[PDB]
Amino acid sequence: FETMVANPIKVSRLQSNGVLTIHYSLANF
Amino acid sequence: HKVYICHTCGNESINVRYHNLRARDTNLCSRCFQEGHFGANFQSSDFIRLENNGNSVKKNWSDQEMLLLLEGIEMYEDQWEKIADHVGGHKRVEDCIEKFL
Amino acid sequence: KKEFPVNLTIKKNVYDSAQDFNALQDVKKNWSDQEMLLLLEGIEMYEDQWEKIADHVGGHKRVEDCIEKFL
Amino acid sequence: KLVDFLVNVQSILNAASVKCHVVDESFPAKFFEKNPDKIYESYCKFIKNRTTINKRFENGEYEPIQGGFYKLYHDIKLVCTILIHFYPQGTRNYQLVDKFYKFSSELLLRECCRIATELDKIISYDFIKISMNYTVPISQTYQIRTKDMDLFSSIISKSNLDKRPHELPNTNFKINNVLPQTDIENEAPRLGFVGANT
Amino acid sequence: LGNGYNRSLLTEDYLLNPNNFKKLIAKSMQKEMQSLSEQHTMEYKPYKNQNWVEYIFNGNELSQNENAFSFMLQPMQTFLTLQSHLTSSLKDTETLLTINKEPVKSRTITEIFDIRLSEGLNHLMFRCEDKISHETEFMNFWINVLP
Amino acid sequence: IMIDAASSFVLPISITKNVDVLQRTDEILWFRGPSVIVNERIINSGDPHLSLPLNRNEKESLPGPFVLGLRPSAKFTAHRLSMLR
Amino acid sequence: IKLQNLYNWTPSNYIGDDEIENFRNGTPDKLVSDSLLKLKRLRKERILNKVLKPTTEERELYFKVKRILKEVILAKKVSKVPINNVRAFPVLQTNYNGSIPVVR
Amino acid sequence: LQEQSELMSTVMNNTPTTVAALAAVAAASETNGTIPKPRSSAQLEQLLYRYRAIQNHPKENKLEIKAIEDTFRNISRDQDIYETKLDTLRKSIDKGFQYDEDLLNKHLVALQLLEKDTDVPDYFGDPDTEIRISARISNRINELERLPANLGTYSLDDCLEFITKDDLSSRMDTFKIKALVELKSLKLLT
Ligand SMILES: [Zn+2]
């Protein structure tokens with residue numbers, strides 16, 4: 001049980017500040 | 001709609017975040033602000049409870065939209081494309097300059 | 001006409017500097033935040049009667065002493 | 001004086017039971033009138049042996065006396081423990097019943113009163129102590145000791161009147177109690193430091 | 001349930017400050033505070049700026065499944081003194097106390113310890129066991145020293 | 001002093017069978033430090049037992065922490081509910 | 001030196017009244033309307049002097065126009081007394097450091 | 001030499017009996033230029049009460065006790081004169097005036113604005129005047145840089161939200177934002 005180190009979850013500040021949520025805007029065919 | 005990934009966890013803010021005033025580039029969750037997992041460098045006073053939902057019709061300029069623009073000007077001082085999205089993205093580059101002037 | 005809002009809740013009193021709020025300070029005339037809440041609560045309920053409010057504060061404040069804070 | 005005091009509590013208990021409907025639950029007569037520390041042992045004896053709270057005020061079961069709200073503090077604590085033993089510990093209704101009981105117990109505690117130490121032998125000799133005593137509730141957290149990482153957990157939202165044995169998903173998990181800190185506040189820095197010129 | 005699994009030994013434990021911290025500064029509004037778990041009262045005494053907190057753990061009704069405790073201290077308070085009141089010294093009770101890895105023997109029934117802390121978190125493993133009856137009890141104090 | 005540390009660890013063995021009361025990822029989040037319990041977020045800076053005036057050993061057990069929490073009366077809440085509809 | 005006449009002390013009772021005994025027999029509003037212009041003129045003279053602390057001539061004058069408007073409410077029983085408040089007041093909240101240790 | 005602040009420092013240091021400012025002919029008379037009659041309500045009067053209550057034990061080493069007692073006699077005399085004038089004022093009230101509402105609304109807004117030193121209307125080049133503008137801007141900057149960061153709010157509309165012991169209502173920082181928008185708009189003026 002003492003040999004069970006885990007995986008660290010990084011902050012990702014550039015993905016934490018202003019990330020949004022391109023074929024949907026028709027300008028690239 | 002921007003994805004506000006909270007500090008110290010992999011959770012996502014539903015409708016509320018905690019904007020920091022000394023690191024200025026991070027947010028917190030509601031349970032994370034209750035349990036205090038923000039690190040011992042801060043004293044839990046520089047964390048402003050802000051919203052994440054959509055606002056009202058444009059040119060109303062509530063206190064959150066007035067605060068975030070003056071935060072971003074003190075961050076970058078130029079590059080208004082990086083200033084308009086700091087408000088939340090729903091305000092124009094041509095409109096934030098007209099409001100700031 | 002757009003005008004800059006004069007925020008009187010943030011500004012500190014200059015002349016007296018003694019009737020301000022306890023967070024802006026740094027019978028009994030202590031005027032704690034509980035009685036300061038109960039004063040505005042009684043005013044919002046009874047709409048400036050000064051008789052059913054002074055006992056809602058707790059009876060420690062007189063009728064003249066409540067107006068000393070109300071002004 | 002107590003006539004409006006019978007109505008303002010009823011209005012809050014009607015308005016604060018919309019999302020969970022604590023008042024509209026089925027509740028028998030339940031004439032116990034016992035110690036509220038032993039409020040669940042008598043209920044378990046009633047289960048081994050063998051009129052709702054909205055209708056108690058409609059039938060005039062409470063009088064404007066101290067017992068007329070001692071019975072209300074008895075009946076709300078009877079309803080909340082039935083809802084705790086009905087719903088599991090992970091549902092949102094459990095947290096709604098817990099928040100409703102933590103609001104109702106505080107509302108019933110308020111508005112009723114208005115109507116061996118080497119440091120001690122020096123401090124009691126040098127100073128004068130004015131005391132002030134109160135009681136707080138505590139919670140429990142988990143504990144995992146891995147290879148030099150010292151893992152911790154979050155606050156369990158289990159209610160204080162659950163009376164269930166402490167289950168463990170793993171044997172190697174440990175339990176601990178978090179002591180709450182409460183004193184005079186520290187002098188925070190001003191707005192010149194908070195939001196300084198960078 | 002651990003109500004039947006209570007402690008037989010470890011009647012009183014203390015986490016009071018030594019007298020040197022008061023002697024090097026001073027040479028009071030005392031507010032005692034208790035929890036809704038019937039034991040482990042907690043008293044402190046600030047004044048208008050140190051506290052001299054004291055963590056009392058009366059283990060006469062505390063369970064043995066809940067060994068560890070967690071609290072938070074100030075960076076000004078780095079020294080601690082433990083006052084272990086047991087039941088009786090009828091046998092040789094092995095009372096060793098380590099913070100993280102270094103054990104502390106004593107200061108000199110009533111035993112006095114001396115604890116010197118650093119920044120960060122702390123384990124503070126303490127235990128009591130007999131040589132004949134074979135009954136052991138554990139205590140842990142997760143001390144959170146602020147920077 | 002570093003800021004961008006992880007401070008979040010998840011064990012790979014999923015024992016998510018009786019765990020629904022803790023803070024899940026949506027797995028269990030395990031921090032490097034414990035939690036803190038704050039009773040009331042508001043401090044009444046009056047109530048002269050805390051402010052200690054200089055006018056006049058006395059013990060007094062007050063009922064509940066809600067004296068130091070600025071709790072309003074029920075009559076204003078009932079009046080606001082009468083103003084609701 | 002008395003007992004009850006010693007603890008209750010304000011900055012408003014050092015001068016007394018000295019004019020309101022003669023002024024109450026007429027209108028109550030003329031001295032307040034003349035004193036607000038004097039307070040405005042002294043405020044403009046303090047703006048035009050680069051001074052921070054107010055003088056002792058207007059602080060002694062401020063407690064009279066408060067007392068007159070207090071006694072009008074105490075005696076004349078003004079029929080409306082309109083309520084114009086922000087319905088809020090600032091308090092001090094709890095501060096606490098984080099529990100995760102600082103790495104270096 | 002801050003004679004009213006030395007007693008406050010001795011009271012805050014909890015050591016006002018070992019020195020007691022050493023009131024003599026060369027020390028108590030140099031800082032006073034008879035106490036200078038402080039004008040506070042209770043922040044400088046309770047300090048005089050404590051300064052009288054401590055020095056009752058030496059009883060001869062301090063000579064300004066007679067001046068403090070004469071000041072207390074003057075305070076009691078002014079209190080008695082104020083009570084007699086308050087009785088004469090309450091007995092000299094006319095029966096009917098019918099005071100209007102519009103003039104009351106004109107007086108209350110002006111008396112509220114003249115408290116905290118802001119501009120009120122009547123409704124009844126040049127580098128010499130720019131330094132006076134900058135001194136008023138820096139005054140508000142130094143005033144806003146003395147506010148505590150742990151400022152929370154409580155409106156009269158929270159009773160519909162049912163705040164529990166751990167609830168975290170969303171109307172706590174409605175004034176902390178507005179206390180920072182002004183502070184960071186006075187800095188982005190240039
Ligand atoms: Zn989170």
# chains A, B, ... in the order shown; residues from 1 in each chain; ligands from 1
>>> interface_residues(of="chain D", to="chain G", cutoff="8 Å", atoms="only C-alpha atoms", output="JSON list (two decimals) with C-alpha atoms, in the first residue's frame")
[["chain", "number", "residue", "atom", "x", "y", "z"],
["D", 185, "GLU", "CA", -9.14, 37.89, 13.46],
["D", 186, "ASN", "CA", -5.63, 38.68, 12.29],
["D", 188, "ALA", "CA", -5.14, 41.79, 7.30]]
>>> residues_near_ligand(ligand="ligand 1", cutoff="10 Å", atoms="only C-alpha atoms and all ligand atoms", output="compact mmCIF listing (two decimals) with C-alpha atoms, in the first residue's frame")
# COMPACT_ATOMS: atom_id res chain seq x y z
CA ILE B 5 -10.53 25.11 -14.72
CA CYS B 6 -10.19 25.65 -10.98
CA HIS B 7 -6.99 25.58 -8.94
CA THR B 8 -5.68 22.46 -7.07
CA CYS B 9 -8.22 20.10 -8.68
CA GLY B 10 -9.49 18.94 -12.06
CA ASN B 11 -13.03 20.16 -11.48
CA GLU B 12 -14.91 22.73 -13.56
CA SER B 13 -16.71 25.78 -12.21
CA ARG B 17 -15.48 31.37 -9.39
CA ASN B 27 -9.74 30.82 -9.87
CA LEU B 28 -11.20 28.59 -7.16
CA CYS B 29 -14.23 26.37 -6.66
CA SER B 30 -17.01 26.75 -4.09
CA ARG B 31 -15.98 23.69 -2.05
CA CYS B 32 -12.29 24.58 -2.49
CA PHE B 33 -12.96 28.01 -0.98
CA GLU B 35 -12.11 23.92 2.70
CA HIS B 37 -6.98 24.42 -0.51
CA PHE B 38 -5.64 27.65 -2.05
CA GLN F 23 -15.48 15.40 -3.58
CA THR F 25 -13.69 14.35 -10.10
CA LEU F 29 -9.34 13.82 -5.05
>>> interface_residues(of="chain H", to="chain G", cutoff="6 Å", atoms="only C-alpha atoms", output="list in words")
residues 39, 41, 73, 76, 78, 82, 89, 150, 151, 152, 153, 154, 155 and 156 of chain H
>>> residues_around(residues="residue 58 of chain B", least_positions_apart="3", cutoff="10 Å", atoms="only C-alpha atoms", output="list in words")
residues 55, 61, 90, 91, 92 and 95 of chain B
>>> residues_around(residues="residue 69 of chain B", least_positions_apart="4", cutoff="8 Å", atoms="only C-alpha atoms", output="list in words")
residues 65, 73, 83, 84, 86, 87 and 96 of chain B
>>> interface_residues(of="chain C", to="chain D", cutoff="12 Å", atoms="only C-alpha atoms", output="ChimeraX atom specification")
/C:26,55-59
>>> interface_residues(of="chain B", to="chain A", cutoff="6 Å", atoms="only C-alpha atoms", output="PDB file with N, CA, C and O atoms, in the first residue's frame")
ATOM      1  N   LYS B   2     -16.448  30.252 -21.604  1.00  0.00           N
ATOM      2  CA  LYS B   2     -15.085  29.858 -21.290  1.00  0.00           C
ATOM      3  C   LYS B   2     -15.078  28.785 -20.209  1.00  0.00           C
ATOM      4  O   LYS B   2     -15.924  28.769 -19.312  1.00  0.00           O
ATOM      5  N   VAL B   3     -14.106  27.886 -20.307  1.00  0.00           N
ATOM      6  CA  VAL B   3     -13.958  26.783 -19.363  1.00  0.00           C
ATOM      7  C   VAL B   3     -12.993  27.238 -18.278  1.00  0.00           C
ATOM      8  O   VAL B   3     -11.789  27.378 -18.517  1.00  0.00           O
ATOM      9  N   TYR B   4     -13.523  27.477 -17.080  1.00  0.00           N
ATOM     10  CA  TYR B   4     -12.721  27.951 -15.954  1.00  0.00           C
ATOM     11  C   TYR B   4     -12.278  26.742 -15.142  1.00  0.00           C
ATOM     12  O   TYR B   4     -12.972  26.289 -14.230  1.00  0.00           O
ATOM     13  N   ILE B   5     -11.107  26.206 -15.484  1.00  0.00           N
ATOM     14  CA  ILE B   5     -10.533  25.106 -14.721  1.00  0.00           C
ATOM     15  C   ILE B   5     -10.003  25.654 -13.403  1.00  0.00           C
ATOM     16  O   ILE B   5      -9.153  26.552 -13.383  1.00  0.00           O
TER      17      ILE B   5
END
>>> interface_residues(of="chain B", to="chain G", cutoff="7 Å", atoms="only C-alpha atoms", output="VMD selection string")
chain B and resid 36 to 45
>>> closest_atom_pairs(of="chain B", to="chain H", cutoff="9 Å", atoms="only C-alpha atoms", output="CSV")
residue,atom,partner,partner_atom,distance
B:16,CA,H:170,CA,8.9
B:30,CA,H:168,CA,8.3
B:34,CA,H:166,CA,8.2
B:44,CA,H:150,CA,8.4
B:45,CA,H:150,CA,5.3
B:46,CA,H:149,CA,7.1
B:48,CA,H:173,CA,6.7
B:49,CA,H:173,CA,6.7
B:50,CA,H:170,CA,8.5
B:51,CA,H:170,CA,9.0
B:63,CA,H:177,CA,6.8
B:64,CA,H:177,CA,7.7
B:66,CA,H:181,CA,7.1
B:67,CA,H:181,CA,5.8
B:70,CA,H:184,CA,6.7
B:71,CA,H:184,CA,8.1
B:73,CA,H:188,CA,8.4
B:74,CA,H:188,CA,8.1
>>> interface_residues(of="chain F", to="chain H", cutoff="7 Å", atoms="only C-alpha atoms", output="mmCIF file with N, CA, C and O atoms, in the first residue's frame")
data_model
loop_
_atom_site.group_PDB
_atom_site.id
_atom_site.type_symbol
_atom_site.label_atom_id
_atom_site.label_comp_id
_atom_site.auth_asym_id
_atom_site.auth_seq_id
_atom_site.Cartn_x
_atom_site.Cartn_y
_atom_site.Cartn_z
ATOM 1 N N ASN F 39 -16.402 28.282 11.393
ATOM 2 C CA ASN F 39 -17.755 28.220 11.938
ATOM 3 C C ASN F 39 -18.656 29.269 11.298
ATOM 4 O O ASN F 39 -19.661 28.940 10.658
ATOM 5 N N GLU F 40 -18.311 30.543 11.462
ATOM 6 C CA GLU F 40 -19.085 31.646 10.911
ATOM 7 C C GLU F 40 -18.149 32.588 10.170
ATOM 8 O O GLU F 40 -17.090 32.953 10.686
ATOM 9 N N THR F 77 -38.298 38.562 8.357
ATOM 10 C CA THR F 77 -38.395 37.516 7.342
ATOM 11 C C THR F 77 -39.852 37.215 7.006
ATOM 12 O O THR F 77 -40.201 37.041 5.832
#
>>> interface_residues(of="chain F", to="chain B", cutoff="12 Å", atoms="only C-alpha atoms", output="number ranges by chain")
F: 1-10, 22-41
>>> interface_residues(of="chain E", to="chain H", cutoff="12 Å", atoms="only C-alpha atoms", output="ChimeraX atom specification")
/E:26-28,47-49
>>> write_last_selection(atoms="C-alpha atoms", output="PDB file, in the first residue's frame")
ATOM      1  CA  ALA E  26       6.105  39.331  28.366  1.00  0.00           C
ATOM      2  CA  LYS E  27       9.022  39.560  30.817  1.00  0.00           C
ATOM      3  CA  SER E  28      -6.295  38.624  29.205  1.00  0.00           C
ATOM      4  CA  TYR E  47      -5.393  40.276  24.455  1.00  0.00           C
ATOM      5  CA  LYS E  48      -5.037  43.698  22.854  1.00  0.00           C
ATOM      6  CA  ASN E  49      -0.266  40.226  20.472  1.00  0.00           C
TER       7      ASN E  49
END
>>> interface_residues(of="chain D", to="chain F", cutoff="9 Å", atoms="only C-alpha atoms", output="PyMOL selection string")
chain D and resi 4-5+7-12+15+89-91+106-107+109-111+113+128-139+141+144+149-158+167-170+178-182+184-185
>>> residues_around(residues="residue 66 of chain C", least_positions_apart="4", cutoff="12 Å", atoms="only C-alpha atoms", output="PyMOL selection string")
(chain C and resi 19+27-29+31+35-36+38-40+42-43+48-51+53-62+70-71) or (chain G and resi 70+73-74)
>>> closest_residue(among="C:52, C:25, C:6, C:15", to="chain G", atoms="only C-alpha atoms")
C:15
>>> select_by_dssp(residues="chain C", states="helix (DSSP H, G or I)", output="PyMOL selection string")
chain C and resi 22-24+33-46+54-57+63-70
>>> residues_around(residues="residue 110 of chain E", least_positions_apart="2", cutoff="10 Å", atoms="only C-alpha atoms", output="list in words")
residues 116 of chain D; 12, 83, 84, 85, 86, 87, 88, 89 and 112 of chain E
>>> decode(residues="segment 125-165 of chain H", atoms="C-alpha atoms", output="mmCIF file, in the first residue's frame")
data_model
loop_
_atom_site.group_PDB
_atom_site.id
_atom_site.type_symbol
_atom_site.label_atom_id
_atom_site.label_comp_id
_atom_site.auth_asym_id
_atom_site.auth_seq_id
_atom_site.Cartn_x
_atom_site.Cartn_y
_atom_site.Cartn_z
ATOM 1 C CA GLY H 125 -2.204 76.083 -17.987
ATOM 2 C CA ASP H 126 -2.576 77.469 -14.431
ATOM 3 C CA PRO H 127 -0.106 75.249 -12.509
ATOM 4 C CA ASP H 128 -1.061 76.798 -9.147
ATOM 5 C CA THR H 129 -4.500 75.140 -9.160
ATOM 6 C CA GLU H 130 -3.360 71.759 -10.548
ATOM 7 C CA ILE H 131 -1.289 70.898 -7.465
ATOM 8 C CA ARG H 132 -4.510 71.456 -5.489
ATOM 9 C CA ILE H 133 -6.226 68.894 -7.744
ATOM 10 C CA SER H 134 -3.389 66.377 -7.330
ATOM 11 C CA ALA H 135 -3.454 66.844 -3.537
ATOM 12 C CA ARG H 136 -7.160 65.918 -3.533
ATOM 13 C CA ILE H 137 -6.551 62.917 -5.801
ATOM 14 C CA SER H 138 -3.697 61.663 -3.587
ATOM 15 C CA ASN H 139 -5.881 62.256 -0.505
ATOM 16 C CA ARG H 140 -8.503 59.814 -1.801
ATOM 17 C CA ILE H 141 -5.734 57.412 -2.888
ATOM 18 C CA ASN H 142 -4.237 57.424 0.628
ATOM 19 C CA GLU H 143 -7.754 57.077 2.080
ATOM 20 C CA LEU H 144 -8.616 54.056 -0.088
ATOM 21 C CA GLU H 145 -5.214 52.496 0.705
ATOM 22 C CA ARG H 146 -6.174 52.296 4.408
ATOM 23 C CA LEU H 147 -9.288 50.089 4.090
ATOM 24 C CA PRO H 148 -9.211 46.487 5.364
ATOM 25 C CA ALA H 149 -9.155 43.721 2.768
ATOM 26 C CA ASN H 150 -11.510 41.484 4.797
ATOM 27 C CA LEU H 151 -14.593 43.566 4.018
ATOM 28 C CA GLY H 152 -17.895 41.729 3.653
ATOM 29 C CA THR H 153 -21.475 42.889 3.087
ATOM 30 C CA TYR H 154 -24.916 42.040 4.433
ATOM 31 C CA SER H 155 -27.974 43.357 2.611
ATOM 32 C CA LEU H 156 -31.559 43.343 3.881
ATOM 33 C CA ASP H 157 -32.583 40.896 1.123
ATOM 34 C CA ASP H 158 -30.660 37.834 2.362
ATOM 35 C CA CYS H 159 -33.589 36.487 4.424
ATOM 36 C CA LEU H 160 -35.084 34.910 1.284
ATOM 37 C CA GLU H 161 -31.848 32.940 0.761
ATOM 38 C CA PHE H 162 -31.835 31.007 4.103
ATOM 39 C CA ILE H 163 -28.131 31.209 4.916
ATOM 40 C CA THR H 164 -27.134 28.174 6.994
ATOM 41 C CA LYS H 165 -23.956 27.794 9.114
#
